[PDB]
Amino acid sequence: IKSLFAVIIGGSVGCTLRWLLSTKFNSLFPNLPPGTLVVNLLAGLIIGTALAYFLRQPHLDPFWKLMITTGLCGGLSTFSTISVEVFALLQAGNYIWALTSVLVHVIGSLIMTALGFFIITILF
């Protein structure tokens, strides 16, 4: 139940952030909506830094890392929204941007995870 509050507090903060950023910026570039991209790049970065940080601090409370990973990053990031954006592009016959969106999200999110991990490991 203490663990449930971590997921809900973290998740609600993340979901709220995703909502604000997406409704703000997605309509600016419809072929690859940048609000949805930024939230995934940002969660990629955060969880990368979490990866490195929590390794070096083995005794940190499981409540905080549950709040950051399952909660914040889990709420902030999204797969379903990419799925529906891409599906729509596919229905629209816009295959180039369908493919590009998938690649930019995957490669971009992995680069951000790597960058967050390596900045913190190179910092220690």
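Heads up: residue numbers just count along the shown sequence, starting at 1.
Mean CA temperature factor is higher for 52-60 when stretches 87-95 and 52-60 are set side by side in the entry.
On average the C-alpha atoms of 61-69 have higher B-factors than those of the other stretch, with 61-69 and 40-48 being the two compared. Among the modelled residues of its chain, residue 13 has a C-alpha B-factor that falls in the highest third, as given in the PDB entry. Residue 100 sits in the middle third of its chain by CA B factor, as recorded in the PDB entry. When the CA B factors of the chain's modelled residues are split into thirds, the value for residue 107 lands in the lowest one.
Per the PDB record, residue ranking by Cα B-factor puts residue 113 in the lowest third of the chain.
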